[PDB]
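Quick heads-up: the structure tokens below are two forms of one chain, split into structure 1 and structure 2.
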Structure 1
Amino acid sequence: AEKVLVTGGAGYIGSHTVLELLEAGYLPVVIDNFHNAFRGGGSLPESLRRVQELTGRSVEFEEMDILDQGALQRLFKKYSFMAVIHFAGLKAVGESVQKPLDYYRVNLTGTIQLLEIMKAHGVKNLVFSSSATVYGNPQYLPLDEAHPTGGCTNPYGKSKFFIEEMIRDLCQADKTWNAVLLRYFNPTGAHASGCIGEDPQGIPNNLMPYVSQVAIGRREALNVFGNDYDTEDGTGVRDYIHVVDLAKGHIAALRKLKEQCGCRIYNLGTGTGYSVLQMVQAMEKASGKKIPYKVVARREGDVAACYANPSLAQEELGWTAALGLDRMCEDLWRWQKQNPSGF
């Protein structure tokens, strides 16, 4: 009878997490304003319509904006939530630099309003979908939870760090609160059905969607930003986690809340980084297609390598990533091939 609110649940990570919630026997209620999700032929976002088909279970959904205080108040009176998993936000790094106020409005004001209504209704159990960009430029590797946070170099990253700090302070002030902050890097891959996945609008900003678009013929060549890094092959080494593993980590965090854990922070990841060229090669193998690329200048603010240590999650969340590079690529490619234009 108690429900789990999932904000931004129509999106890439959200929709995968809704599916995992349903399969694990929880009752999700999703809100989304369709900022970055596709509308289906019915009331549901297309992603969540397919989730219903994939699971045989229904998703309760309300189209609303977390910036709408009155809608939030109504939502919290209407449903009895035992916890909230918070994905609603803006997440494009390049757009954040250009439009910082939008990022701070949606991410900060949105989160503060959510926390306020949660507090008002005594829902004091939160999984926050954070970002390992909060660690800033790596001072050692792999990044663990003891590594410094802050000194991010873009508004997106700062907004994530600021939210973490607000949550930490809330939990300090009220020990009844339980919150799990999950830090990870690049979600990749798709549900094994190939029926849902990441559906970028326009030219993709992340590597893997771009590479899949090259493979499918929609793009000519991948731009590789620098090949003179202090890495094995010269290209940037980055951290890629299968979205299904990531979604399962959000479930493990939800369960951790039941232990009355207070404020906890965990990295989610495989513990192994891959270079740009390693991902291209893996996508060529998965796709059976040539993926042309062109080396261009380093991108402002990029470092040689960043990857996370997931040992703490393994020990305290009972969680490990099961899906490796080839699976990420195979699952991405299936989504791409089955859905050449996305939703």
Structure 2
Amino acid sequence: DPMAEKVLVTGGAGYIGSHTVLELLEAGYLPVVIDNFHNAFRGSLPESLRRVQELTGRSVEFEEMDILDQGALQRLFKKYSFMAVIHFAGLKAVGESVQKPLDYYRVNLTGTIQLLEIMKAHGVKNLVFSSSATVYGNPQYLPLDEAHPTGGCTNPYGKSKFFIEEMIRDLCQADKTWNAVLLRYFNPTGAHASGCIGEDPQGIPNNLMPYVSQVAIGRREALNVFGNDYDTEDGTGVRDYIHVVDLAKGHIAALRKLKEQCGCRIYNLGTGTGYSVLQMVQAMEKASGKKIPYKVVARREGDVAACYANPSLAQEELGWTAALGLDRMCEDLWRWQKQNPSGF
């Protein structure tokens, strides 16, 4: 029966993936997760997923494997009957990608190509790709909508995400039976409201929310603020943050869209309101009850004043809206950090 078929979640042990697994379970889907533990903590599940099982009271099927392992992909697609794939597996630290680009291109490009090939072979032509709004590059107008130019980005991670988008678009053009939804978003933050799962400490973080929470808890003295004279409401730079639970629900919405036999579709996910650095400091002070000192330092050459996405098309075509604002992001991040100071 179609509703007894499974959803494959690649990279499902990680931050966004584990929250998406929880939302899938809560929504009545049956997830199968694959992950190679490159960036996830190790019972017989990844800890994140062990905790998702406890939070939901429902079972998570899991296989430890690498998307680069063709034989493992073949065994997986023979063992399970997948209705669709939600693809999070990849390398994603922007700063790391500059130092080890070939790893990024190998995992992200070759891994995705191998996934697409096994999906094609097994007739599972239904993909949710977790993309990045960095594909828009520097804003030419704001808010960024799906018509904005893509391909500007100069770091290897962002390029890899753009290249994957293009490969999927070209695949869909060549085979109209494929359905794919590409979800573009900026910085995921927050955590499940239980505080029992969240983002494990990362080696090279992509955004400042972990740093602000670490100043608040006392592990760092102050937040450096790069520039306070931007043409913004408060002079600090404005960036786009989405609560991981809203993000995860957007991935479920994309999964539903595949059933419409939509072909290739592209949607921004976000709240539609950018946040300044000072607004984020102030929100985390309110959530944590602690002073968060900052230090204004010089602008970094190349940083833009403001960057955020227009999520209107997702509301119109996925029925999706973000329900969780900056205060909830801060409150939920703070709870996860307080309950799990070194993560899992």
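Definition used throughout: the rigid core is the maximal C-alpha set that superposes within 1.5 Å between two forms. Numbering runs along the sequence of structure 1, starting at 1.
Item to check | Moved residue between structures 1 and 2 - picked from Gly262, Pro100, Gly271, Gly234, where its Cα shifts 2 angstroms or more relative to the rigid core | outcome: Everything else stays below 2 Å; the exception is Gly234.
Checklist entry - Is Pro204 one of the residues whose C-alpha moves 2 Å or more between structures 1 and 2 after the core fit? => result Comparing the forms between structures 1 and 2, which are aligned on their rigid core, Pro204 does shift its C-alpha by 2 Å or more.
Next on the checklist: Superposing on the rigid core, I want to see if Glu300 changes position between structures 1 and 2 - specifically a Cα shift of 2 Å or more.
Outcome noted: Passes the 2 Å threshold, so yes.
Item to check | Did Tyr79 shift 2 Å or more between structures 1 and 2, C-alpha, core superposed | outcome: Comparing the forms between structures 1 and 2, which are aligned on their rigid core, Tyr79 does not shift its C-alpha by 2 Å or more.
Checklist entry - What Cα shift, in Å, does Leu222 show between structures 1 and 2 once the core is superposed? => result For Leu222, the C-alpha ends up 1.9 Å from its position in the other form.
Next on the checklist: Give the rigid core superposed Cα shift of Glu60 between structures 1 and 2, in Å, rounded to one decimal.
Outcome noted: On core superposition, this C-alpha lies 0.1 Å from its counterpart.
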